[PDB]
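K.L.:
Next one to model:
(chains A, B and C)
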Amino acid sequence: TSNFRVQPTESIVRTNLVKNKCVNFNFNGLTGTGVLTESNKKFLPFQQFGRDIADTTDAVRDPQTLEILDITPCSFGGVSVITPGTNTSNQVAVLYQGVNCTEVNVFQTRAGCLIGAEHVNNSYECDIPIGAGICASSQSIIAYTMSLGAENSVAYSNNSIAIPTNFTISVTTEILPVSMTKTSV
Amino acid sequence: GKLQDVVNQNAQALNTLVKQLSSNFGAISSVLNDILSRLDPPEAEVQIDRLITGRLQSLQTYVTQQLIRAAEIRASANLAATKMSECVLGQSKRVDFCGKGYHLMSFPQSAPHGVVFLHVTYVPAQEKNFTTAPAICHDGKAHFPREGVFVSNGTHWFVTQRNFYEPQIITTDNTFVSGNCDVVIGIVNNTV
Amino acid sequence: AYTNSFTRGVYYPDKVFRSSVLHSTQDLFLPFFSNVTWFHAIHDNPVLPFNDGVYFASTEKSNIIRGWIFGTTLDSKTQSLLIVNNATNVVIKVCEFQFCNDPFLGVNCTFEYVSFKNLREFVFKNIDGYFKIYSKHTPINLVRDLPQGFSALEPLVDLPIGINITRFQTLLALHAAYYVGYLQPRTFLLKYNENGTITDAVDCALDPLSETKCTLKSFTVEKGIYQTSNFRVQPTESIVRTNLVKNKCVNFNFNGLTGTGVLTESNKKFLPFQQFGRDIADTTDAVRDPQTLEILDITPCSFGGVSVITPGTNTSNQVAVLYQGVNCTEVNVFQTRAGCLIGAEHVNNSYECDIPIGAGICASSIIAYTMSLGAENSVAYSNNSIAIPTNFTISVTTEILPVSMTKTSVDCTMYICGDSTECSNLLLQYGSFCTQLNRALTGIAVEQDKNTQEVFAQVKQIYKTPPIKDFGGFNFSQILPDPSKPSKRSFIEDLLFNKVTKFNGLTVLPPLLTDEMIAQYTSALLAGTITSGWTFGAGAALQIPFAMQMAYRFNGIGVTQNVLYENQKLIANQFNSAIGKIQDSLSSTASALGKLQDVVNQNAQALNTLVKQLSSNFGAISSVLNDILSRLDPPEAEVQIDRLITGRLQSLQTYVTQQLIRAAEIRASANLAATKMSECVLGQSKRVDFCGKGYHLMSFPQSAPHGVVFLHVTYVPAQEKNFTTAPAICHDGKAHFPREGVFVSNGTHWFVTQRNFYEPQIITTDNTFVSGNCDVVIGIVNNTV
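P.N.:
Residues are numbered from 1 along each chain as shown, chains lettered A, B, ... in the order given. Structure data below:
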């Protein structure tokens, strides 16, 4: 449906310094967006910033106190909606992709934060794929780890055989596209 | 749904081109008539260049996507041609190519922008349990089965084919001698 | 005199902390293994030049050389810098000084700062007149020259004086040598440690091995061919129509038109008013001249791509420099069809090709030779000569097929626009590019999940192996799963997973299936194979002992099953030995998984390329939206935001198109893997060289990073023998023919045998049928039937 985005809360003009939250920082004219938690990177006295492989600002040096504050930008993702048929129900479930549930029947999975679903601990065949192993499906939306299939143990002795005694002729339908519509512009 | 999806992607791309005709791509208007009816040529040249760049990029994108999709449909078409030749005109042995099961026939029917096969497949469905033996020793000489398996019902030993239960009596016609018993693991001692 | 300054004088380029990364820059530096002037102090300070900055290093045992004099003429007519340091006090001034004739510290002011065994390095370099100093002190034990070592330099003084310097002189102390070099605009590939300190460097424009290493962005290279640059012949002089010369690369100017080529003269049919001949793309093949009449044609200067042949850097450091499509008279020199082969020596032998050069030449001291395609053999063909094998060899072949990619989704608004509004407005003005792009990427992700499902989910019923392993004598303990691991796998699967290894809108979605599920599928397929055979893919599963299963799989390639039931111990041992060889290969060779590693490397390289494309300026004044918007007026800025939108939109369209071709490639591989699974794993194929080289027997899957691995078990025969044959036999005038197999002889007796494993029987009425007469068929021998 859309893209989930966390917003900052205040502007830091360097006023004071705050930590562990999404904030806007203004250090001698340069802006940005991230979490100004402090770190312990090596500080050679001439150096100011740290950078990764792809040349993006990670750390920063405060112009008053000599400390290094690494930056982790605000979380984001795409909101995704699980829906049954409108002839059946009108209930939904709003997944947040790759977002921990402390950032939004809240249930947390490695695919993301899933809200409008139950957590049945049984195993059925898969209906609507959520991701990373679980998939969704008396009007209660449930979420459960999918069952791959039934389980069987073949009676393998060293003198045991099975032979069929009756058959079943089957007819299978296979559909293959062959062409589009011939078009010119 | 496959053929419907092909129709839907083609119609969606064709509609998308018309929506980009309705787009603007940075100019002050989306129509050459209102561009030319008011503006002088030294500025109309720049604006029409903007529209040309936009629509030419759009049409190039459309043709590239058609080329990739046509490659996809060409792969499907060659697969359909091969499958016609092997399944329709003959009896294949490549398993799970002409349908799940031991395939034995096929029939085509036409369909919008495609083909439909009706794969007729033998399947077995009702099973039992029996006791086997890799060979059978009678006079110290091992006998082996030509085609099929060796089975028993607790008291007598029978030979049948591998794929439909129909047992016969052990005679010289269905078993051949291949030497000595002592090398083969699993030998039993019934009469041949 | 003069001496060799090996590596010293490398400083810190900028003030950005970096760790565990190789970085390339471009600025002035002292080159590597060059000549730097060496001085003395006994029994020495003239006015040395100041070209572009000085690497100065005074090895001190007594602290004599202490200060410097900077300026243009040293005579109090410009602002001259004077630095004095009596080992405690640092003095810097910008006054005007009337210096001495041979100045040494014997034993208009606007700025002032006041604070053998050793070595004291410097870089007195200047940018825009802004005087900069680097320094580093270190203790040594040396008496003669500079030590052979590496030491990074950090900036101590940065002075905004804006002074153009031409002359500088040191300062003695009369009651320790020093060196002066110069800087060149090279490029370097540095190496930081985890503490942010430079550990090594590579001078890019020194030798072809350094060019190759600077291109590959690494210090250790592999054996192969790596294109380094483009060879280009330069002209020498300009012809203005003065005089005219031929057979040379020259510049020619004729009434205002320029060019580059060879002005050799020819016999083009001039028609009395014509001037030029012309090629297609507005390039003149021929030309005439205004001072006289003469027709002369044009041929441009030769060019090509400089290619470098390099062996393993853990074996040698000598190279070879191939020039492509260039004759060796315009570059031990060797000439071949691919081009000039400066570096290696021609050899008149032929071996297996190692490093392919082109047109039949393969490189490998370093030799060059025409490749030997293979060994030679003359088959002893006759009209009564046959060969039957007498002993076989079970083989196990490893085949690796990529099946899946990594799902990705890149939103246009966050990519092109960084948290902006004017950018979003203009990107809405450009249309539906975003929706079509995300639709394409979502289609890629969905079809990758479909690829994985189609390859693996083909059983629909998980089977389990019995606790008792009575499998005839075979041993599947290394492929069967291991319950001891926290994530259940097997030994070979763990070895395979052991080998293969942001915040701009780029996200990575996980696969729907997990590795435990894919391993559950693989173990279900394998347990179904072992305990049932081919039957579990048609309908339901069956029970068959494993000896019986392999006996029927010999009858599926022509060999009678009593071979198995009399050789099963040998076949079991040789299968187990082949399994152990698979372990040894997968534990001591890394080149096997190159397909999957290449897929991972191309995907990561494309993503990284897109992220570095975020930094490209694309024609504007800056590469950051925040600093674009923080300065420019709203009428001014929108052109520059449009330029960046065009650049990143083109980049993202290129990325998605390349993703589309690559996804088509992976899809073809995935369908091929699905067909392999069905035909090879669930059954016994007869398509030659599809399920392994030789007569195919079985196959076993194992999971792998974004792929699958097959272990094709294959019969191969190995030990031949020569016999004498005959198309038929006549006994009572009636021709006898063989039902199955060849009809052979040792030299005294005639026997009938199987076509594919030597085991002869006695000729009776039960293995030969009567058909025809003697006369029509060529080759009948006479023997009792």
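
K.L.:
Mind naming the longest strand for chain B?
P.N.:
The strand spanning the most residues in chain B, taking DSSP state E as the definition, is strand B:114-126.

K.L.:
Can you tell me the strand partners of that strand and which way each runs?
P.N.:
Neighbouring strands of strand B:114-126 in its sheet, by DSSP bridges, are strand A:166-177 (antiparallel), strand B:102-105 (antiparallel), strand B:108-111 (antiparallel).

K.L.:
what's the following helix or strand past that strand in contact with?
P.N.:
Towards the C-terminus, the helix or strand next in line after strand B:114-126, according to DSSP states H and E, is strand B:130-131. Applying C-beta atoms under 8 Å, 6 or more residues apart in numbering or on different chains, the set of residues contacting strand B:130-131 from outside is A:159-163, B:151-154. For the C-beta atoms, the positions are set from N, CA and C on the backbone; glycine is no exception.

K.L.:
List the strands paired with strand B:130-131, with their directions.
P.N.:
Within its sheet, strand B:130-131 is paired with strand A:160-161 (antiparallel), according to DSSP bridges.

K.L.:
can you count the residues close to residue B:38?
P.N.:
Neighbourhood size, residue B:38 [other C-beta atoms under 10 Å in any protein chain shown]: 11.

K.L.:
Now find how far off-centre the helix or strand harbouring residue B:159 is within its chain.
P.N.:
Take DSSP H and E as the rule and residue B:159 turns out to sit in strand B:157-160. Between the centre of strand B:157-160 and the centre of its chain there are 38 Å (C-alpha atoms, centre = their mean, to the nearest Å).

K.L.:
any idea which helix or strand comes after that strand?
P.N.:
Toward the C-terminus, strand B:157-160 is succeeded by strand B:175-177 as the next helix or strand (DSSP H and E).

K.L.:
For that following strand, what is the distance to the chain centroid?
P.N.:
Remark: strand B:175-177 is offset 41 Å from the chain centroid, using C-alpha atoms, centre = their mean.

K.L.:
Residue B:58 - how many residues pack around it?
P.N.:
Here the count is done by other C-beta under 10 Å, and residue B:58 has 21 residues near it.

K.L.:
scratch that, residue B:124 is what I was asking about
P.N.:
By other C-beta under 10 Å, the residues close to residue B:124 number 21.

K.L.:
That one is in contact with residue B:163, isn't it?
P.N.:
Yes: contact criterion C-beta atoms under 8 Å: residue B:124 and residue B:163 qualify, at 7.0 Å.

K.L.:
What subset of the contacts of strand B:130-131 is buried?
P.N.:
A:161-163, B:151-152 (16 or more other C-beta atoms under 10 Å in any protein chain shown).

K.L.:
For the residue of chain B found nearest chain A, give me its contacts.
P.N.:
Minimum separation of chain B from chain A (C-beta to the nearest C-beta) falls at residue B:124, amounting to 3.5 Å. Applying C-beta under 8 Å, 6+ apart, we find residue B:124 in contact with A:164, A:166-168, B:163-164, C:538-539.

K.L.:
Pull the most distant pair out of those residues.
P.N.:
The largest distance within those, taken as C-beta to C-beta, falls between A:166 and C:538 and amounts to 14.6 Å.

K.L.:
that older thread, what sits in contact with each of residue B:124 and residue B:163?
P.N.:
Applying C-beta under 8 Å, 6+ apart, one finds that residue B:124 and residue B:163 are jointly contacted by residue A:164.

K.L.:
Distance check, residue A:98 against residue C:526.
P.N.:
Taken as C-beta to C-beta, to the nearest Å, the spacing of residue A:98 relative to residue C:526 amounts to 34 Å.

K.L.:
now swap in residue A:181 and tell me
P.N.:
In this structure, residue A:181 and residue C:526 are 46 Å apart, going by C-beta to C-beta.

K.L.:
SS state for the closest residue to chain B within chain A?
P.N.:
At 3.5 Å from chain B, residue A:164 is the closest residue in chain A, using C-beta to the nearest C-beta. The local conformation at residue A:164, judged by DSSP: H, G, I helix; E, B strand; the rest coil, is coil.

K.L.:
What number of residues are in the vicinity of it?
P.N.:
Applying other C-beta under 10 Å, we find 20 other residues in the vicinity of residue A:164.

K.L.:
How many residues are close by residue B:65?
P.N.:
For residue B:65, which is what you asked about, the neighbour count (other C-beta under 10 Å) is 17.
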